[PDB]
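Here's a solo chain for you in structure tokens, the form deposited in one PDB entry.
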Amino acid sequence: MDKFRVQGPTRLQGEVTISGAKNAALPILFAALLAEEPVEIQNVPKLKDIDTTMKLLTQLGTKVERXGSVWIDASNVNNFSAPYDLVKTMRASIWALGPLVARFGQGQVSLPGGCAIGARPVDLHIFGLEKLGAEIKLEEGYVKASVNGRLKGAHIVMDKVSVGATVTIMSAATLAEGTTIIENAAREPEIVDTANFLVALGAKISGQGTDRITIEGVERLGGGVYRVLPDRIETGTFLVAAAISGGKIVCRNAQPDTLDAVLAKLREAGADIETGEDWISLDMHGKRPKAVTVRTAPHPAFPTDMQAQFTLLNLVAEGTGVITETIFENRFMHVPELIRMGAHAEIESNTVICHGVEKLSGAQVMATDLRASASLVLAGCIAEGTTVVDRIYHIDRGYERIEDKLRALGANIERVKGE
């Protein structure tokens, strides 16, 4: 089992080129199940989640090739199920459900089980599909959807703001008879990206990026070429890496407008930030960060995917920082790991109260979250001594060659193979 050996402290300096969004590439890859013609998805990151998605697609009879792009040919889909073993390694597998029933009249996906970060049911996905006319049953742990003929457009109001259910409903709606309105839709940049992808295929969608999405169903979707937007979380993670190390970095292939909350919080922490059309620069001028207060919430508020990273920032900042999580209530596993490295903090309900320290110390820590756990690697970069991060497969699922990118910034990091 892979592990990272990080030697600190290091001041991160240099350039990093941002990869395509894991979170846009995923739903777009699933939506390609709707395409009758070949599709080329550009700017797809090289990471474990993409591997699992490619595997799932192949299991359905989809022809898949990849490099920077992923080429998809779904003209011969011949299988309609996502098995337990696959869903267990990637909850997003649920996204195969909607496209399958919308195009083929049937789809089966293993029902996701428990997860360490909190309760993550998929009730809204199921509810949405039902509203569209699909019949759904649970058999042997498999959510089985079906419809005789086309789905039917419906006016659906969402009980929660949900990135995943908004994608499920939006995607399936593109082939339904009539008009579908998704009220209280998630507004994430990835939702806009997926909608734009659909439209490039011939779908009729408007309102993407707002709380109300309208879809007018069409008979078929064709093919085309589409470039995935930049990864906002990868960008935020690198920006934080510089901000906590007294460093200076420039992020290339970036999309500043997807990061307003994070940028503003970085400025509050004392960062000198400049932005261009496709770039973001950050200079700490060798200063320790100032503690900030953060509240996660749906886009365009501060994202839960940046939460652990900012918790780290607060932990080495001057002052008492407070972080409140409103999306994933139990997403605090990183805290006790950081405390093993010398940090000080208390968790009260969904809020962590941080007491910044001057320096962290190297220690053995454990990764458990595909986005949050990158925080441990960052911590290792600025801590005194050697930090060993176990179970880095988690990080591999969410970041493209993070050690390579960090190394190019001056980090002392080694991938240690257990085999």
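Numbers follow the displayed sequence, beginning with 1. In this text, the rigid core denotes the largest set of C-alpha atoms whose superposition between the two forms falls within 1.5 Å.
Only in words, not in the display: the form deposited in another entry, which the text now covers.
The residue that stands out in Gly236, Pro303, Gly107, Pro289 is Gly107, the single one whose Cα moves by 2 angstroms or more between this form and the one not shown on a rigid core fit.
For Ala264, the Cα coordinates differ by under 2 angstroms between this form and the one not shown after the core has been superposed. Relative to the superposed core, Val87 undergoes a Cα shift of 2 Å or more between this form and the one not shown. For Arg212, the Cα coordinates differ by under 2 angstroms between this form and the one not shown after the core has been superposed. Look at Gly118 and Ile213: in the other entry their Cα atoms come 3 Å or more closer than in this form.
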